Number of protein chains: 2
Amino acid sequence: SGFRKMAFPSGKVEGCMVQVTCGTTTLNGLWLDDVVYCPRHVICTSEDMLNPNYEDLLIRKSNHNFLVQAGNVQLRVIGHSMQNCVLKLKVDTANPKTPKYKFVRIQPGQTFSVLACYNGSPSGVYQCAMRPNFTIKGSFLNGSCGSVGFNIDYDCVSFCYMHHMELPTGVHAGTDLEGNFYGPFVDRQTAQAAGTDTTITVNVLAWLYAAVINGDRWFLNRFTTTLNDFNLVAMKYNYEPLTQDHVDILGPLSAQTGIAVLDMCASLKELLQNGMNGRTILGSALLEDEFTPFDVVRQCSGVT
Amino acid sequence: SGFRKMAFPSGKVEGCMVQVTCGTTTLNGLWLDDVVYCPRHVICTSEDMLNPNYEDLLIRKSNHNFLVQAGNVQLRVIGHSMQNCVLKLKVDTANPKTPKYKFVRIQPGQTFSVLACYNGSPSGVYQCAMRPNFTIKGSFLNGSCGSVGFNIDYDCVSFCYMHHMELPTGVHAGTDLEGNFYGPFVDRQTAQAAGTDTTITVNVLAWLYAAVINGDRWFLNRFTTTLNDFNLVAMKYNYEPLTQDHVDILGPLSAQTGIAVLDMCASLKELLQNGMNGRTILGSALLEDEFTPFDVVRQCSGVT
Ligand SMILES: Cc1ccncc1NC(=O)[C@H]1[C@@H]2CCCC[C@@H]21
Ligand SMILES: Cc1ccncc1NC(=O)[C@H]1[C@@H]2CCCC[C@@H]21
């Protein structure tokens with residue numbers, strides 16, 4: 001028992017982190033097989049960053065200008081190419097620590113672990129959600145670009161995020177491993193609107209199920225609701241509308257606890273309308289939306 | 001910017017996890033050099049656990065009864081001994097992945113990362129505090145015993161905790177790596193009083209400094225207080241009394257922000273007396289005490 005905001009074990013990802021330097025800029029790279037992936041803005045200088053012409057900036061660079069260091073061993077760069085907002089530096093040595101991996105583009109509302117790095121060295125790991133507006137609320141300082149987000153399924157690491165930017169609001173933006181930004185963002189130092197965000201309803205419900213499983217059950221009530229009625233409340237409180245696909249994914253938790261999904265929705269409706277009244281759920285004084293239903297099932301069953 | 005409950009990268013610890021089976025019980029072991037450390041209760045059966053006679057139960061066991069498996073390779077046990085509540089199984093092979101390490105006994109109020117494991121396989125990593133009453137509020141299911149807590153200082157892993165028990169209240173208890181319990185706990189299936197707990201004042205103050213550094217500053221006020229006055233409020237609200245040693249450890253954060261420690265204490269006093277008024281600090285609707293002043297400095301400076 002107990003329920004914590006748990007990150008995946010980061011070892012397989014730690015073995016892939018490298019430092020990439022181009023000119024005056026240093027950031028992190030991900031070394032998988034004989035390729036090192038990193039944000040393309042490693043090629044920018046201070047004067048470039050308002051609106052860099054990446055194609056022109058890259059044309060001034062040769063393989064020998066990309067300094068790649070894996071711990072303390074230097075990698076030989078034998079090719080370079082830009083794909084969307086990432087650079088792919090071909091190296092002459094395959095990473096001996098390359099885990100089984102995939103590149104995946106996650107959906108908004110899904111969760112993943114971030115291994116924050118500086119100078120190719122891991123600093124820490126934390127779990128977060130991709131917001132419905134495609135931003136993440138992480139912990140990133142200058143030099144953390146190139147740090148990656150991932151999930152692990154047995155021995156396979158699915159890389160889903162590479163960090164590129166901190167918006168002027170302090171929230172974070174980045175790309176999948178093919179260099180496509182999540183959201184409307186571009187890799188320039190400009191104020192950029194992040195869409196209206198919402199709370200991830202299916203995750204809050206999954207977390208209320210994790211709370212009942214672990215003994216926090218004060219919020220259960222004698223009520224029920226419908227998807228229609230619940231969605232009027234979700235609308236008022238800026239929660240994602242709940243669909244039958246969300247109800248379906250909550251099936252295992254509903255089956256385990258015996259609490260029908262719409263009955264849990266009625267508990268969530270009452271919490272939205274009345275607040276916590278100075279109480280906590282799983283050590284939180286707010287409704288937590290950074291656990292998916294899969295995360296709850298995995299944590300509650302001790303999956304490795 | 002951004003501030004997250006970050007765990008240390010777990011790779012160095014993942015390389016030390018093994019599975020230990022004795023009879024019908026399987027749990028985790030920590031393989032460092034040629035020794036595997038695990039909870040002594042791996043030698044118990046269901047009928048033993050109310051009050052096991054560990055010395056007698058261990059006398060029935062030989063080296064060949066301790067099955068130690070590191071991933072998929074079997075380790076040969078050439079010695080066994082019980083030290084307090086841990087078993088030390090001498091193996092014929094030194095762990096090639098043994099990091100630089102220390103065994104440390106942490107103080108209540110200090111934080112550490114836990115690598116939750118089942119069957120010698122890592123499941124996840126999370127950061128937590130050792131409560132002032134020597135319990136931890138973790139995420140542990142049956143089979144997680146032997147999972148360890150640790151801190152990392154550059155290349156050195158300081159192991160501080162090994163998981164042994166879930167109290168009937170759902171909170172967790174364990175030992176240092178010499179097998180001495182933190183707190184009054186014994187490794188028996190009995191109801192055991194955990195002392196009155198308190199909130200870790202110096203950590204809440206450190207976290208308010210992390211909040212100001214990251215832009216959440218609505219809680220700053222025009223007031224100041226004294227240690228005496230603050231401690232009367234700390235008393236009322238079950239917070240640890242603040243000492244000059246705590247004020248001293250907050251020095252770097254006070255110097256960086258320019259907010260005197262007693263002025264931050266006056267903000268904390270007002271938050272204790274008035275609550276958050278439906279607002280949040282660093283995404284939390286309660287006063288967070290799981291970040292030490294060292295954690296805040298490390299996270300805010302990007303230490304690797
Ligand atoms: C400095 C920093 C801090 C944290 N996370 C990320 C960053 N980096 C950025 O925001 C870079 C974005 C793309 C290229 C142009 C310059 C700025
Ligand atoms: C079952 C479990 C679940 C989570 N964390 C820990 C445990 N294990 C225990 O509580 C064991 C304590 C010491 C020896 C006697 C039996 C019980």
Side-chain angles (χ1 to χ4, degrees), chain A residues 1-2 25-28 38-54 57 85-86 114 116-118 135-147 162-175 179 181 185-192 214 300 302, chain B residues 1-2 25-28 38-54 57 85-86 114 116-118 135-147 162-175 179 181 185-192 214 300 302:
Chain A
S1 81
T25 304
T26 295
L27 46 61
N28 305 284
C38 74
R40 70 180 176 166
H41 74 255
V42 70
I43 73 179
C44 303
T45 65
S46 42
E47 45 153 26
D48 294 314
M49 294 152 193
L50 284 187
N51 195 15
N53 188 310
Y54 287 102
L57 286 170
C85 302
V86 293
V114 171
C117 293
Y118 295 91
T135 61
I136 74 178
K137 300 177 186 166
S139 177
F140 296 101
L141 297 162
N142 188 212
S144 62
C145 301
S147 292
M162 175 167 279
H163 185 53
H164 290 239
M165 184 158 63
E166 185 165 63
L167 297 174
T169 57
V171 321
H172 304 111
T175 68
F181 265 92
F185 309 112
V186 289
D187 47 353
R188 300 158 204 192
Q189 188 97 81
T190 52
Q192 291 178 45
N214 289 281
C300 294
Chain B
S1 81
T25 304
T26 295
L27 46 61
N28 305 284
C38 74
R40 70 180 176 166
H41 74 255
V42 70
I43 73 179
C44 303
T45 65
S46 42
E47 45 153 26
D48 294 314
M49 294 152 193
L50 284 187
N51 195 15
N53 188 310
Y54 287 102
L57 286 170
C85 302
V86 293
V114 171
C117 293
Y118 295 91
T135 61
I136 74 178
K137 300 177 186 166
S139 177
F140 296 101
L141 297 162
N142 188 212
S144 62
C145 301
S147 292
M162 175 167 279
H163 185 53
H164 290 239
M165 184 158 63
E166 185 165 63
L167 297 174
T169 57
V171 321
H172 304 111
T175 68
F181 265 92
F185 309 112
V186 289
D187 47 353
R188 300 158 204 192
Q189 188 97 81
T190 52
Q192 291 178 45
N214 289 281
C300 294

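So you know, we letter chains A, B, ... as the sequences are listed, proteins then strands, and number each from 1. Atoms within each ligand, like the ligands themselves, are counted from 1 in listed order. These values consider heavy atoms only, across backbone and side chains, with no hydrogens, waters or symmetry-generated copies.
Checked by atom type and distance alone, the side chain of B/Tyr118 pairs as donor or acceptor with a backbone atom of B/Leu141 at under 3.5 Å. Without hydrogens or angle criteria, B/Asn214 side chain to B/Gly2 main chain gives a donor-acceptor distance under 3.5 Å.
Taking each heavy atom of A/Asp187 and A/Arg40 in turn, the nearest pair found is OD2-NE, 2.8 Å. Closest of all the heavy-atom pairs between A/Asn28 and A/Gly143 is ND2-O, 3.0 Å.
The nearest heavy-atom contact from the protein to atom 1 (C) of ligand 1 is A/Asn142 ND2, 3.4 Å. The closest protein non-hydrogen atom to atom 17 (C) of ligand 1 is A/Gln189 NE2, 4.0 Å.
Those atoms of ligand 2 with a heavy atom of B/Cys145 less than 4.0 angstrom away are 6 (C), 7 (C), 8 (N). Heavy-atom contacts of A/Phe140 reach the following atoms of ligand 1: 4 (C), 5 (N) (cutoff under 4.0 Å). Applying the 4.0 Å criterion to heavy atoms of B/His164 picks out, from ligand 2, the atoms 8 (N), 9 (C), 11 (C), 12 (C), 13 (C). Atoms of ligand 2 lying under 4.0 Å from any heavy atom of B/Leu141, numbered from 1 in the order shown and given with element: 3 (C), 4 (C).
Proximity of B/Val86 to B/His164: side-chain heavy atoms (C-beta onward) are separated by under 4.5 Å at one or more points. Inter-residue side-chain proximity for B/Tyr54 and B/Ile43 is flagged as met; some heavy-atom pair is nearer than 4.5 Å.
Within the set B/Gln192, B/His163, B/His41, B/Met49, the minimum heavy-atom distance to atom 6 (C) of ligand 2 is found for B/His163.
Looking at ligand 1, you'll find an N or O of A/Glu166 within less than 3.5 Å of one of its N or O atoms. Remark: ligand 1 and A/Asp187 share no N or O pair separated by less than 3.5 Å (distance only, no angle test).
No donor-acceptor contact under 3.5 angstrom links the side chains of A/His163 and A/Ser147, judged on distance only.
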